[PDB]
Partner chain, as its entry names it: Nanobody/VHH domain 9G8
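First, one chain by itself: the form deposited without its partner chain, in structure tokens.
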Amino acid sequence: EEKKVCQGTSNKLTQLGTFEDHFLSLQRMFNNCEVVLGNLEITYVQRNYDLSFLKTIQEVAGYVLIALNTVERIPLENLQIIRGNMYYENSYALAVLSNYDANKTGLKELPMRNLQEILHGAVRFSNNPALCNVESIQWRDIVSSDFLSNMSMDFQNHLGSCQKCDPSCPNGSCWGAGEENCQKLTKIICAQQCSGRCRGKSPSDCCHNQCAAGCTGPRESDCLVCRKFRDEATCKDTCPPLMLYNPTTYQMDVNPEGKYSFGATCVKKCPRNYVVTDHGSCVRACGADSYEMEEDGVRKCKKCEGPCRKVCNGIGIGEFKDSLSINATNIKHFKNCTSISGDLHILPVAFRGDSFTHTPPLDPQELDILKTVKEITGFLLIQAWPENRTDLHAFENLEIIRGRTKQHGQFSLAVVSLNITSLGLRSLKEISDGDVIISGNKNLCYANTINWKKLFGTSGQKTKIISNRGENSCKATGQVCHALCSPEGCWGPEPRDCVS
């Protein structure tokens, strides 16, 4: 069918609970994962813990951070490519750091015998005494020639249980003991006539310029992995255009093979809630004069007649790239927004204040600024709220959440851990994509009276409305929908709170 996929992790060297909790979360993240959209971080895995589930990973789009593991073997046996769409510490797409025990014994085997290409970024190896055979690897074939200056690798093993490379291995290079662990060369060993990866020394062995790690044939369908866009069974620099110009006709002609661009894939159609451009790409936002509106049930981008209405960027992009939460510093940049182009984060740190980012505490009054928001193109994450308020008053006018981006790649609405009594989202009418999670709101009472299915636009959307105030408690305290509105639920105790 198609590649299994997981989200990846950007925790670096942070530990997620105990070594046990940490390991579990890791496994839950990468069990049966084939492509990692983000970063593959393997940290704090202890001796004898089985890491077999890593064998299925074939490519990592971000970086690979293998650090602080005492486990002996990390079997990334099928990892073919690390794209480096994001770097660890601003320079490395692969960082192996400090995998040793107090006894000085830790990571010993790292048999990445298919890691044959790293698109961007350099590599760093440091403080791995137990490691075996990785020093024998020629990274000139794997790492791009633009990042060879930045690489910083040194291997010093005094535990010394390591074996020699199989004689078959070329230039004494191998990832392990057997011949199958001999390094495969697919770039430096090429004929002068191969622009890209090659299968061997001869000129007929060249690969198509779009093959990434190598190939099993000369065509673009023979690539081990694609360098840019995957179109069905083929690698392609650009997604084939919807329409091709015709010299004889002198007019545009439709292309049957034409497709739309979505992530690293060429697809027959864009997801309903994504913007489809005239030129044929699925995008999250409109650019420059272009503004967003759907011509025929499909979101289209058309240039503003005049100067465009202000765009309010979401927390986590633009000027708020590394902002953790709407806070005292940034909230005034949301003053009269009618639509958020991105996501919204509200965290407890906002109301405490954060000295580390130089953020003072947010005056809850300021949150009223958000009452002008009617739309959110991404997701909405609320993990804190003014404790004295009983409902999400500032989002009383929120109508649509489109879920183009999603928290942990799954949730478009996430309200957790509040002392509120009612959500209060009277105007909410559509949640185009992404799941919903309301849990941990010990005092919330009305959330299960709504039929969330009416709000959904994409197949698969589901809810997790659990672990708030129990229904028995709510009913006993008089906290159920008003009598006037008795059919479809309510966002609160009052008549206005009720649906339709």
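Numbering follows the first chain given and starts at 1.
- In none of the other PDB entries of this protein that model the residues around it does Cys162 lack coordinates, well short of a third.
- Among other compared entries that model residues flanking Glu430, every one gives it coordinates, keeping it clear of the one-third cutoff.
- Mean CA B-factor, 205 to 213 versus 301 to 309: the higher value falls on 301 to 309.
- When the two stretches 164 to 172 and 339 to 347 are set side by side, the higher mean Cα temperature factor goes to 164 to 172.
- Which of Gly478, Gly492, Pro487, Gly17 has the largest Cα B-factor in the deposited entry comes down to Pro487.
- Within the selection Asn327, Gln407, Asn78, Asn388, the deposited Cα B-factor values reach their highest point at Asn388.
- Looking at the C-alpha B-factors along this chain, the one for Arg28 belongs to the middle third.
- The deposited CA B-factor of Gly62 belongs to the middle third of values across its chain.
- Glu220: CA B factor in the middle third of modelled residues in this chain (values from the PDB entry).
- When the modelled residues of the chain are ordered by their C-alpha B factor, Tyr274 lands in the lowest third.
- In this PDB entry, the Cα temperature factor of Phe395 sits in the bottom third of its chain's modelled residues, the lowest group.
In what follows, reference is made to the form solved in complex with its partner chain, a form of this protein that is not presented.
- Contact check for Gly38: every heavy atom lies farther than 4.5 Å from its partner chain in the entry with it bound.
- For the chain shown alone, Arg309 is a contact residue for its partner chain in the entry with it bound, at least one non-hydrogen atom being within 4.5 angstroms.
- At the 4.5 Å threshold, heavy atoms of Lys454 reach its partner chain in the entry with it bound.
- Its partner chain is not drawn, but in the entry with it bound it has no heavy atom within 4.5 Å of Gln116.
- This chain is drawn without its partner chain; in the entry with it bound, the residue among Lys429, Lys332, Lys371, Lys269 with a heavy atom within 4.5 Å of it is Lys429.
- For the candidate set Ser339, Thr390, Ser91, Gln80, a heavy atom within 4.5 Å of its partner chain in the entry with it bound is found for exactly one residue, namely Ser339.
- The stretch that touches its partner chain in the entry with it bound, counting heavy atoms within 4.5 Å, is 402 to 410, out of 71 to 79, 402 to 410, 363 to 371, 107 to 115.
- Residues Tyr291, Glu292 of 264 to 292 are found to place at least one heavy atom within 4.5 Å of its partner chain in the entry with it bound.
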